[PDB]
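Shown here is one chain on its own, the form deposited in one PDB entry, set out as structure tokens.
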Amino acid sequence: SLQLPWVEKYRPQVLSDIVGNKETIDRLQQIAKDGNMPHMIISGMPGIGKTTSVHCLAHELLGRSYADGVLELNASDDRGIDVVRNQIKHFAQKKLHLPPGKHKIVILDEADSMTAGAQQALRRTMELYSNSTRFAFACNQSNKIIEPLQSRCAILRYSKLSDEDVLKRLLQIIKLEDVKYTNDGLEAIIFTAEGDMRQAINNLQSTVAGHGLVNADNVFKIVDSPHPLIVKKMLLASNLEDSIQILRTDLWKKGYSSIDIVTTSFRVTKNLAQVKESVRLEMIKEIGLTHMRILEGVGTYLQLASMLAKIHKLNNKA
């Protein structure tokens, strides 16, 4: 058998359970209760509650009619030319009786992967049959969908979840799962989440099944990313020779690529509150220079070594 992942076991079934973007969710709750659901294009970063919001809104709107009132299409299904002109038009033209205010919902999940030609053929399908059916869009990039489609929909841009929102939902999960935890353990999970509740649950679930008590040491053993404090010590070492030793033994010899080292270094530098806001921009600039060198193709150990030397030169010259 298997154990249900906490990503799916604690999936919100009601729109109220979703945390983050409190303004957008509150209006969505009013729409579900009242009716007349407008065309929306929910956009934002992955794992912030875009697909969940659409599914919760559809369930709270149709209810018992959700089985035959929703035509959900994702990237796995075919969303080509023939599907738009035949399958979607047939669903829109289908005569389904619903309580007043309720409307059929055509959920086109991951619309950024849809071709431009399919989107163009979908223009008049949503406009002509909006009396009986409605369209809901969820995507990671809002610019992938063509402009004329965006002119017929109320674009909702979901934002990154705040640290309070992610922590609040994690508290409910551990309370309902009887999970031993500490303050430093949860801070590491929020650090690795980066406003991604899906990644916060996965890190929390793996910590429990991996090493029991959720400590920061236990958390950072399973993310298999460069340790922020190891990178911070390398970026803030008083001696350049010590920092070079840290990079070689703990980052380069452990197989961490130059992209992950730079990404972790920029992440740690962004939160270095000890240093001044002027020097912080300079150290970010050197990381930006190093990241550019890797993208052209020069991503050897010397480029990372020079980045440490330039950063340590900034600290000593200050």
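The term rigid core refers to the maximal set of C-alpha atoms that superpose within 1.5 Å between the two forms. Residues carry their position along the shown sequence, with the first being 1.
There is another form of this protein, the form deposited in another entry, and it is not shown here; the text below is about that form.
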Practice task
Report the residue, chosen from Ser159, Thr182, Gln172, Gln87, for which the CA moves 2 Å or more between the shown form and the other one after the rigid core is overlaid.
Solution key: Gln87
Handout entry: Threshold 2 Å Cα movement between the shown form and the other one for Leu96, core superposed
Key = yes
Handout entry: Core-aligned C-alpha movement of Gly20 between the shown form and the other one reaching 2 Å
Key = no
Problem - Core superposition between the shown form and the other one, C-alpha change of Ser142 at least 2 Å - result: yes
Problem - Outcome for the Cα pair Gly47, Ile174 in that other deposited form, compared with this form (closer or farther; change of 3 Å or more) - result: farther
Fill in the blank from the handout: One pair moves by 3 angstroms or more in that other deposited form: the C-alpha atoms of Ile294 and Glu194, which are closer
